[PDB]
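J.: Quick one: structure below, then a few questions.
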Amino acid sequence: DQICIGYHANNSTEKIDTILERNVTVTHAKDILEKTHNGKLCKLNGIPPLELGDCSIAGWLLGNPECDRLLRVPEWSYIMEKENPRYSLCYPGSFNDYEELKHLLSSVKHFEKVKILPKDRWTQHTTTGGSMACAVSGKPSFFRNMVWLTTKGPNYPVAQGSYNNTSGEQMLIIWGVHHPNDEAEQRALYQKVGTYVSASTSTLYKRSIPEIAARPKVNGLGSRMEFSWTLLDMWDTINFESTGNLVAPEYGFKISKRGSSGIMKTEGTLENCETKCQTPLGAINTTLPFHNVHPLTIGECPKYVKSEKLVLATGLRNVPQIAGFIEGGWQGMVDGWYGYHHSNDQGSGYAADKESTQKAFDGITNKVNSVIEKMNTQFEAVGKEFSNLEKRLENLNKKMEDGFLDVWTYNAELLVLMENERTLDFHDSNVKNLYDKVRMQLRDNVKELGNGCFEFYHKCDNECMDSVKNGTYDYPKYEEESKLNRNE
Amino acid sequence: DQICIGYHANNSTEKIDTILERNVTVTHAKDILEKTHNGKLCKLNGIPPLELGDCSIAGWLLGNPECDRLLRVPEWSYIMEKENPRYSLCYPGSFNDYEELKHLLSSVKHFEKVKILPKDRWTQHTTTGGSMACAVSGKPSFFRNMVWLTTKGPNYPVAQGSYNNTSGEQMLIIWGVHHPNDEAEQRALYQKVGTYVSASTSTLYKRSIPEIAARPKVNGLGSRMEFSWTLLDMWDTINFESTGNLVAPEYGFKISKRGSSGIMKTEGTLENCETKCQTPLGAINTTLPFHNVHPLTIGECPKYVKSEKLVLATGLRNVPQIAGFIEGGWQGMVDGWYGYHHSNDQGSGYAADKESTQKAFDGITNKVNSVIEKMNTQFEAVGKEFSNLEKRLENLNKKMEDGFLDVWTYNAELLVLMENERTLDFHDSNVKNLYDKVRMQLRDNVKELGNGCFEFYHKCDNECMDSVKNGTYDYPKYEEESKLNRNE
Amino acid sequence: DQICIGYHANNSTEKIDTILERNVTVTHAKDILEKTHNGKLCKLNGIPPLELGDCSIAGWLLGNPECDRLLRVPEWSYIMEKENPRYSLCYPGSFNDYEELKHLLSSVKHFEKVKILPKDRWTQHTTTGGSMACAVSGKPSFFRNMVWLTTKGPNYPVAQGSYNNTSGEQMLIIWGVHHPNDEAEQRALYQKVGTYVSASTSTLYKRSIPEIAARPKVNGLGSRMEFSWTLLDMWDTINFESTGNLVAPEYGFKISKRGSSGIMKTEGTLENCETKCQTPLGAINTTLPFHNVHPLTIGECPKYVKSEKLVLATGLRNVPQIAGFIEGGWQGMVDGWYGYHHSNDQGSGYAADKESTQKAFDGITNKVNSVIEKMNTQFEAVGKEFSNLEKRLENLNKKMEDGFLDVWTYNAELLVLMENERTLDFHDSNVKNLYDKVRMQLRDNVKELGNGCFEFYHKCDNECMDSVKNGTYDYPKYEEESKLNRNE
Ligand SMILES: *[C@@H]1O[C@H](CO)[C@@H](O)[C@H](O)[C@H]1NC(C)=O
Ligand SMILES: *[C@@H]1O[C@H](CO)[C@@H](O)[C@H](O)[C@H]1NC(C)=O
Ligand SMILES: *[C@@H]1O[C@H](CO)[C@@H](O)[C@H](O)[C@H]1NC(C)=O
Ligand SMILES: *[C@@H]1O[C@H](CO)[C@@H](O)[C@H](O)[C@H]1NC(C)=O
Ligand SMILES: *[C@@H]1O[C@H](CO)[C@@H](O)[C@H](O)[C@H]1NC(C)=O
Ligand SMILES: *[C@@H]1O[C@H](CO)[C@@H](O)[C@H](O)[C@H]1NC(C)=O
Ligand SMILES: *[C@@H]1O[C@H](CO)[C@@H](O)[C@H](O)[C@H]1NC(C)=O
Ligand SMILES: *[C@@H]1O[C@H](CO)[C@@H](O)[C@H](O)[C@H]1NC(C)=O
Ligand SMILES: *[C@@H]1O[C@H](CO)[C@@H](O)[C@H](O)[C@H]1NC(C)=O
Ligand SMILES: *[C@@H]1O[C@H](CO)[C@@H](O)[C@H](O)[C@H]1NC(C)=O
Ligand SMILES: *[C@@H]1O[C@H](CO)[C@@H](O)[C@H](O)[C@H]1NC(C)=O
């Protein structure tokens with residue numbers, strides 16, 4: 001008769017890392033890092049994004065002639081833009097607080113264009129101005145959302161216009177100021193010099209004076225156009241007054257839907273799929289708490305770490321080898337993790353200890369859940385733009401993001417490295433504890449063999465082996481025969 | 001005769017969380033999170049705060065006629081300001097670099113008001129101007145710390161004034177520029193058009209031009225007043241020159257005491273209590289690392305986390321059931337953690353080991369003290385204000401704060417879980433070591449019963465048990481009759 | 001004859017820290033913190049730094065008459081500046097976006113000075129202006145890289161000048177505007193009132209108007225000079241136009257070499273040594289992962305923490321005491337860590353177990369390397385400069401730096417403590433495992449003595465002892481002899 005205690009082994013080739021040892025083969029493992037994407041851009045939560053194409057944000061809002069598709073834009077989930085868009089400000093110039101506007105458009109999901117100042121209301125000016133830079137079919141043209149006021153005959157009266165925000169939400173209004181090349185242009189266009197442009201609301205007041213100078217030619221013109229924007233609150237009035245050089249707005253953008261969005265810089269094209277997490281390289285369909293695809297994610301997504309391998313051990317060490325756990329594992333005990341092997345006269349087979357296996361299984365599952373179900377990630381549509389005179393702010397942002405990434409990478413790496421040690425020691429501690437429990441139950445009626453096995457002095461049938469496995473071993477009832485056989 | 005090794009059990013209820021199991025009942029536990037406050041705004045370190053009431057900082061520093069109780073204010077610990085104050089600027093307008101001023105006030109604890117430009121020195125202008133927007137008892141009035149200069153007769157000379165800072169500390173000076181509504185109001189107030197206001201110091205030069213335009217009416221007026229501020233250094237001079245539209249100062253604010261203060265946005269009122277850690281919801285009185293009351297605190301305030309429960313286990317696992325440490329804990333052993341139970345003919349009672357319990361106590365205490373005392377933080381204010389043209393900066397600050405708090409939350413949770421697991425394993429290891437030491441010392445004169453209890457072969461008296469409990473047991477002394485009784 | 005199991009002890013007095021114990025003596029330990037520097041400023045990677053002296057960045061770039069040794073500056077690795085430079089703008093004034101220029105200079109390692117507008121091209125103006133503040137040898141002078149334009153006779157024609165960037169890289173250009181003290185000197189210098197200065201590129205437009213006002217006298221003069229800078233891209237043109245008050249540039253700075261550099265604020269001089277990291281207090285020649293000299297460094301440098309000591313335990317617990325291991329360590333085992341001691345008829349002596357010692361050594365080395373070789377050492381927390389109106393941004397930078405530095409200090413301390421505890425427990429477990437291995441192999445043939453020492457029941461000679469040492473012990477061979485001696 002003989003009973004042995006050992007652990008389960010199989011043909012797995014999975015490896016882990018530990019703070020003491022490297023490349024340790026295990027029976028089971030769980031990868032908690034995602035490294036695969038579909039390489040495609042598609043709909044987030046069922047709502048397609050806003051594809052700008054070769055246009056820019058300023059070109060879309062101002063109404064570039066070469067962006068006529070984006071004049072009635074439906075709802076969107078995120079905005080796709082190119083790094084160096086071609087269709088941009090048609091007339092050379094600038095755009096004040098451009099980055100602030102782009103940041104505002106990261107929490108806006110829909111716009112509704114209202115006509116606030118109709119073109120025909122300017123009955124004392126000429127409103128059919130154009131330029132060769134912004135040309136369609138050879139003929140000169142201009143922005144579709146702005147009006148260029150010019151003299152009607154040799155006189156340019158004071159231009160006055162107002163609008164009361166009775167739409168139902170905040171409104172985005174853009175106006176421009178013209179900077180000619182020479183005094184001859186100013187006289188030919190506005191008939192007077194020393195002009196001003198004045199825009200004022202209940203919070204904003206602004207005066208601008210045209211500045212005439214010879215400039216390097218961009219797009220073939222030495223003139224420039226400067227654009228500014230404001231955010232009009234509900235039930236508030238905006239006032240325009242100018243003696244010249246005013247590029248008035250004809251449409252106002254009302255914020256219809258708010259939420260979480262962002263601008264994602266790609267060179268790609270929308271395709272047909274759905275997703276819940278989006279990266280500039282592709283979508284992610286995963287449930288693990290880590291990934292290393294791309295830092296700039298849009299939507300609820302797993303955390304980003306700069307790691308190539310994060311594997312958690314959920315099984316025993318694979319040391320293949322009748323002996324017991326001192327020699328190695330068993331490749332025939334496919335019922336659990338810790339078990340026995342009886343060798344009596346009426347049979348020779350393996351088994352599993354249900355209680356210890358269940359306890360260890362619950363512990364490992366709880367550990368995996370605790371490591372996984374402890375990280376809280378919000379929407380976090382990161383990504384901000386800074387101008388060429390804001391380099392310190394850009395460096396600050398970059399340093400903050402990199403610092404947090406390094407902190408989290410170190411945290412995750414060391415956590416996995418320590419917990420793999422803990423589980424690998426937990427398993428052999430459990431095996432030794434089971435061996436000690438069996439030895440304490442058996443007392444001196446058996447004979448330790450040194451390889452993890454026990455040799456019985458009394459002939460033990462299958463029922464007595466079952467009693468030993470359960471825990472109801474009756475030492476006194478086999479005591480006398482054991483003594484007689486041992487003393488002999 | 002028997003001797004057993006076991007541990008202590010009681011009727012405790014406190015639960016802890018480990019990394020392998022959840023809701024483990026323990027004998028002793030320590031809470032390292034505080035969630036209670038008195039809901040009252042108190043005096044920090046015995047100095048009452050500054051109750052602005054319905055006034056803004058601009059109203060206090062400019063002399064709003066209805067904020068007349070703040071003309072002379074004593075020392076303060078922090079400033080309490082409502083979220084939307086209602087007496088800020090009776091005359092509509094703007095304050096330049098307002099948030100910078102509010103940040104500067106976070107390091108100032110006392111102001112002394114010094115008359116720098118007396119109102120009677122302007123002997124060539126009119127200094128009694130007023131408006132209905134700032135009205136007292138119905139009659140028109142104006143700010144109490146500023147002077148409005150107006151034509152005396154049908155002429156307006158150049159207004160010149162200077163002050164040399166011979167006070168003893170840095171000075172704060174506020175001036176303003178008036179922007180009228182129409183040309184008639186400019187002519188009826190300053191008699192000339194095309195005026196300027198020039199303010200200059202050794203490190204500052206600034207010239208402003210009045211703006212005349214029709215604007216929407218706020219408080220019944222279409223005109224605006226724009227205010228600016230500067231910090232005058234010691235032994236430095238400030239010059240004022242204006243041909244119109246100047247709202248000159250009369251008082252300057254000198255920084256008397258410097259320190260660490262802050263602005264708290266609350267709607268409450270000050271009560272009679274003393275406090276070292278103040279939050280917008282109440283006061284904290286605790287000696288613990290973490291809390292979960294409010295992020296924006298002021299004072300020597302404990303660390304902040306987003307967790308609801310952080311309990312450290314400083315005791316044994318509570319499992320009740322004469323058996324030993326295998327079958328569970330003991331409810332009769334009251335004077336220690338580990339111990340022995342013995343049963344002679346001359347007595348049957350409990351005991352407790354001293355060296356082992358003392359070592360365990362010292363280790364647990366050192367662990368708790370290390371976790372508590374490594375977290376070193378100081379007193380600083382975390383509130384910052386940003387304007388509506390600075391939203392990227394606001395998002396940067398918000399993201400940095402949130403990220404740091406999530407990092408510390410993760411650190412605290414992992415620390416507590418892993419340390420609880422290690423402590424609960426440490427207790428079992430200590431008990432097993434005690435059992436092993438006793439067994440090694442007793443050698444073969446005894447017989448293991450398998451439930452942690454040892455049964456002697458020879459008769460053992462009280463002195464023998466006292467000898468086996470401390471580490472001096474004479475195996476040769478009882479060897480011979482132990483053999484005689486065993487072999488029988 | 002007996003065989004015993006014990007561990008190594010020696011005369012080291014090194015101490016390490018543990019999460020459960022303080023000041024624990026260990027046989028071997030490794031220090032991973034560097035606290036020493038050579039107290040010198042010298043060459044970084046073979047390139048000497050730029051010694052400004054009493055110069056300033058603006059004084060060097062403008063051509064201060066006393067800042068005359070840096071008119072032809074070779075390659076540099078970092079810039080050494082003083083906290084309060086004395087040779088600075090000799091004509092009083094300001095410098096717009098100074099901190100942005102200083103930030104840009106942190107990524108440029110070489111400049112080349114190109115004559116873009118020769119001083120002889122101004123044939124219709126006077127170009128020999130000077131001031132007593134900006135003085136050499138008593139007689140008046142001016143900056144050496146700028147031209148002051150003044151009327152030639154009683155006439156100031158329209159100044160005009162352009163440059164096309166055909167150099168090869170980006171160019172930095174600085175110009176200035178003069179702000180006089182009174183109308184008399186404006187007329188005596190520029191012959192007209194109501195002047196302007198226009199500078200324009202393909203991406204920059206600017207118009208400035210002089211400000212005439214009496215000002216406090218700094219450096220003896222009541223007038224000021226305001227300077228501005230731009231970054232001209234390749235194949236781009238800059239246009240200058242002025243009717244007065246223009247300080248035109250004569251040279252432009254080409255960015256010859258780019259890289260990683262910085263500005264270090266010290267008060268010392270350059271000496272003759274060669275380093276790889278540089279701190280304001282000295283230089284570091286180390287390979288350790290950490291240091292605590294100064295937060296601001298330049299070069300490949302270890303991480304900075306607020307720690308007084310960080311020592312990793314790589315040895316056993318020094319417990320000086322043949323007994324074995326229950327009583328203490330051995331001072332005679334000079335070979336390895338764990339070993340045996342035999343005492344038979346032939347002789348006595350110590351030995352060492354090669355397998356256990358090698359396994360433990362490899363594990364400890366792997367742990368040390370994992371702690372050290374997991375910290376991202378790319379660069380450090382650079383030093384940024386902010387103005388007096390950017391206090392909020394400076395506070396943000398300071399708080400982020402402090403938060404990250406605190407987080408890393410806490411992480412390193414807790415890592416060291418927990419690793420030390422686990423190392424000591426690891427050594428204890430290894431010794432116990434060796435003891436249990438020998439006991440299981442030897443079984444009943446021996447009797448245990450209770451202090452780590454086994455006594456045989458037969459004659460175990462040198463062949464026997466070498467057999468037991470390397471795990472090949474024939475229990476059947478001596479079974480009958482052991483039974484004979486045991487039973488009797
Ligand atoms: C490992 O054994 C399993 C049997 O459970 C088998 O399905 C699998 O294919 C084997 N793996 C390899 C690589 O042969
Ligand atoms: C572990 O395996 C990797 C291959 O994935 C190898 O580069 C590395 O050297 C191995 N380490 C050890 C200790 O065998
Ligand atoms: C704008 O309209 C609202 C209601 O539609 C009205 O209360 C408000 O007075 C109007 N604004 C002005 C300046 O009249
Ligand atoms: C632990 O106990 C708390 C009691 O507040 C309960 O809410 C929670 O669900 C319990 N968790 C488990 C895993 O039993
Ligand atoms: C201001 O007063 C100080 C004396 O406290 C004097 O030294 C200084 O010259 C004065 N400033 C001016 C501009 O006269
Ligand atoms: C604060 O707690 C201490 C206990 O340390 C107590 O003595 C004191 O009365 C408490 N004060 C208040 C205001 O609760
Ligand atoms: C410790 O012992 C070593 C022998 O290897 C010796 O070289 C060293 O000087 C000793 N140190 C002290 C402090 O005794
Ligand atoms: C450890 O040693 C240091 C210096 O020798 C001493 O200040 C400290 O009190 C000691 N701590 C303990 C627990 O002995
Ligand atoms: C500047 O020079 C480049 C080539 O040297 C030329 O292509 C460009 O047209 C020039 N710029 C102007 C404004 O002529
Ligand atoms: C610097 O450290 C190196 C170790 O790589 C050493 O060889 C060299 O002598 C050291 N130089 C000085 C000046 O300390
Ligand atoms: C073990 O040592 C004995 C010496 O008694 C030697 O004969 C045998 O070859 C050794 N075996 C191994 C595996 O080193």
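Lettering and numbering for the structure tokens are positional, with chains as A, B, ... in the shown order, residues counted from 1 in each chain, and ligands counted from 1 in the shown order.
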I need the contact residues of chain C against chain A, so if you could list those with any atom within 6 Å, counting only C-alpha atoms, and return them as a PyMOL selection string, that would help.
T.: chain C and resi 202+363+366-367+440-441
J.: Can you write out the residues you just picked, keeping N, CA, C and O atoms, as a short mmCIF file (atom, residue, chain, number, x, y, z; two decimals), in the first residue's frame?
T.:
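And here is the file that came out, result.cif:
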data_model
loop_
_atom_site.label_atom_id
_atom_site.label_comp_id
_atom_site.auth_asym_id
_atom_site.auth_seq_id
_atom_site.Cartn_x
_atom_site.Cartn_y
_atom_site.Cartn_z
N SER C 202 6.29 86.52 -43.46
CA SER C 202 5.18 85.74 -44.01
C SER C 202 4.23 85.22 -42.94
O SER C 202 3.15 84.73 -43.28
N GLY C 363 19.54 34.67 -7.60
CA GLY C 363 18.29 35.35 -7.29
C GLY C 363 18.49 36.76 -6.77
O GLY C 363 17.81 37.69 -7.20
N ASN C 366 19.64 39.04 -9.55
CA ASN C 366 18.52 39.37 -10.41
C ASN C 366 17.61 40.41 -9.77
O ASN C 366 17.12 41.31 -10.46
N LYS C 367 17.37 40.30 -8.47
CA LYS C 367 16.52 41.28 -7.79
C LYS C 367 17.16 42.67 -7.81
O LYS C 367 16.48 43.67 -8.08
N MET C 440 14.92 14.61 5.42
CA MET C 440 14.12 13.68 4.63
C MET C 440 14.99 12.59 4.02
O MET C 440 14.59 11.42 3.97
N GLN C 441 16.18 12.96 3.54
CA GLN C 441 17.06 11.95 2.96
C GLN C 441 17.56 10.97 4.01
O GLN C 441 17.68 9.77 3.72
#
J.: Find the residues around region 100-113 of chain B up to 10 Å (only C-alpha atoms counted), leave out those fewer than 6 positions away in its own chain, and share them as a short mmCIF file (atom, residue, chain, number, x, y, z; two decimals) with C-alpha atoms, in the first residue's frame.
T.:
data_model
loop_
_atom_site.label_atom_id
_atom_site.label_comp_id
_atom_site.auth_asym_id
_atom_site.auth_seq_id
_atom_site.Cartn_x
_atom_site.Cartn_y
_atom_site.Cartn_z
CA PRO B 49 -10.85 84.72 8.43
CA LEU B 50 -11.93 87.59 6.19
CA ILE B 57 -12.10 91.17 -4.16
CA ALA B 58 -12.50 93.93 -6.74
CA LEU B 71 -12.66 99.91 4.76
CA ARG B 72 -10.30 98.88 7.59
CA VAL B 73 -9.80 95.13 7.98
CA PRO B 74 -7.52 93.38 10.50
CA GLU B 75 -5.29 90.34 10.02
CA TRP B 76 -6.76 87.16 8.55
CA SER B 77 -5.96 83.49 7.99
CA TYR B 78 -7.95 82.90 4.79
CA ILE B 79 -10.55 84.63 2.63
CA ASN B 145 -10.83 104.50 -2.94
CA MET B 171 2.66 98.48 -2.48
CA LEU B 172 -0.39 97.65 -4.59
CA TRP B 229 -3.00 97.08 -11.18
CA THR B 230 0.73 97.10 -10.48
CA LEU B 231 3.09 96.20 -7.64
CA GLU B 250 -6.26 107.77 -3.61
CA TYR B 251 -5.09 104.89 -1.39
CA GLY B 252 -2.37 102.30 -1.84
CA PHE B 253 -2.27 98.89 -0.20
CA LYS B 254 0.97 97.91 1.54
CA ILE B 255 1.81 94.26 2.21
CA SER B 256 2.33 94.18 5.98
CA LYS B 257 2.47 90.46 6.79
CA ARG B 258 3.28 87.63 4.39
CA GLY B 259 2.51 83.94 4.72
CA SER B 260 0.36 81.12 3.37
CA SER B 261 -3.36 81.83 2.96
CA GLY B 262 -6.08 81.08 0.42
CA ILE B 263 -9.47 81.89 -1.03
CA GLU B 380 -0.27 74.74 0.99
CA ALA B 381 -3.33 76.08 -0.79
CA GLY B 383 -7.06 76.70 -5.31
CA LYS B 384 -6.45 78.56 -8.55
CA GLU B 385 -8.68 80.74 -10.71
CA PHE B 386 -8.63 80.96 -14.50
CA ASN C 388 6.52 88.50 -12.81
CA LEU C 389 3.08 88.34 -14.47
CA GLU C 390 3.19 84.53 -14.82
CA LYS C 391 3.08 83.53 -11.16
CA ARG C 392 0.29 81.00 -11.71
CA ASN C 395 3.39 77.74 -9.28
#
J.: For a quick check of understanding, using only C-alpha atoms and all ligand atoms, which of C:422, C:469, C:309, C:8 has the smallest distance to ligand 8?
T.: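 For ligand 8, the nearest of the candidates is C:309.
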J.: May I have the residues within 10 Å of ligand 10, computed using only C-alpha atoms and all ligand atoms, as a PyMOL selection string?
T.: chain C and resi 37-38+273-276+283-287
J.: Mind checking which residues fall within 7 Å of residue 34 (chain C), counting only C-alpha atoms, ignoring those fewer than 5 positions away in the same chain, and posting them as a compact mmCIF listing (two decimals) with N, CA and C atoms, in the first residue's frame?
T.:
# COMPACT_ATOMS: atom_id res chain seq x y z
N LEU C 288 25.45 54.50 -9.92
CA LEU C 288 24.31 54.16 -9.09
C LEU C 288 23.03 54.77 -9.67
N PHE C 290 20.52 56.29 -8.28
CA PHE C 290 19.98 57.47 -7.62
C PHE C 290 21.09 58.40 -7.16
N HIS C 291 20.69 59.62 -6.81
CA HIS C 291 21.56 60.59 -6.15
C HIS C 291 20.67 61.61 -5.45
N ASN C 292 21.28 62.38 -4.55
CA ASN C 292 20.54 63.41 -3.82
C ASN C 292 21.31 64.72 -3.74
J.: So how many Å separate CA of residue 124 (chain A) and CA of residue 173 (chain A), to one decimal?
T.: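 That distance, rounded to one decimal, is 23.0 Å.
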J.: Nearest to ligand 4: which of B:370, B:25, B:266, B:346 is it, counting only C-alpha atoms and all ligand atoms?
T.: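 Answer, going by the shortest atom-to-atom distance: B:25.
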J.: Which residues, written as a PDB file with N, CA, C and O atoms, in the first residue's frame, have at least one atom at most 7 Å from residue 165 (chain C), with only C-alpha atoms counted and residues fewer than 5 positions away on the same chain left out?
T.:
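So selection_20.pdb came out as:
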ATOM      1  N   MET C 234      13.368  79.228 -43.262  1.00  0.00           N
ATOM      2  CA  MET C 234      14.151  79.191 -44.488  1.00  0.00           C
ATOM      3  C   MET C 234      13.361  79.770 -45.653  1.00  0.00           C
ATOM      4  O   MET C 234      12.141  79.610 -45.739  1.00  0.00           O
ATOM      5  N   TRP C 235      14.074  80.439 -46.557  1.00  0.00           N
ATOM      6  CA  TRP C 235      13.496  81.026 -47.763  1.00  0.00           C
ATOM      7  C   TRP C 235      12.324  81.944 -47.425  1.00  0.00           C
ATOM      8  O   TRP C 235      11.247  81.870 -48.020  1.00  0.00           O
ATOM      9  N   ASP C 236      12.548  82.824 -46.454  1.00  0.00           N
ATOM     10  CA  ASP C 236      11.545  83.773 -46.002  1.00  0.00           C
ATOM     11  C   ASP C 236      12.166  85.158 -45.916  1.00  0.00           C
ATOM     12  O   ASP C 236      13.387  85.309 -45.830  1.00  0.00           O
ATOM     13  N   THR C 237      11.313  86.175 -45.945  1.00  0.00           N
ATOM     14  CA  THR C 237      11.747  87.563 -45.997  1.00  0.00           C
ATOM     15  C   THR C 237      11.173  88.335 -44.819  1.00  0.00           C
ATOM     16  O   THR C 237      10.026  88.116 -44.420  1.00  0.00           O
TER      17      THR C 237
END
J.: Would you mind listing the residues within 8 Å of ligand 11, counting only C-alpha atoms and all ligand atoms, as a PyMOL selection string?
T.: chain C and resi 462-472
J.: Residues within 9 Å of residue 280 (chain C), please, as a list in words. Count only C-alpha atoms; anything in the same chain fewer than 3 positions from it doesn't count.
T.: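 Here the answer would be residues 39, 40, 41, 264, 265, 266, 267, 268, 283, 294, 296 and 297 of chain C.
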J.: Taking only residues of chain B that have an atom at most 9 Å from an atom of ligand 4, what is each one's shortest atom pair and its distance in Å to one decimal, using only C-alpha atoms and all ligand atoms, in chain and number order, as a tab-separated table?
T.:
residue	atom	partner	partner_atom_place_in_ligand_line	distance
B:15	CA	ligand 4	2 (O)	7.9
B:16	CA	ligand 4	1 (C)	9.0
B:17	CA	ligand 4	1 (C)	8.6
B:21	CA	ligand 4	13 (C)	8.1
B:22	CA	ligand 4	13 (C)	5.2
B:23	CA	ligand 4	1 (C)	4.9
B:24	CA	ligand 4	1 (C)	8.6
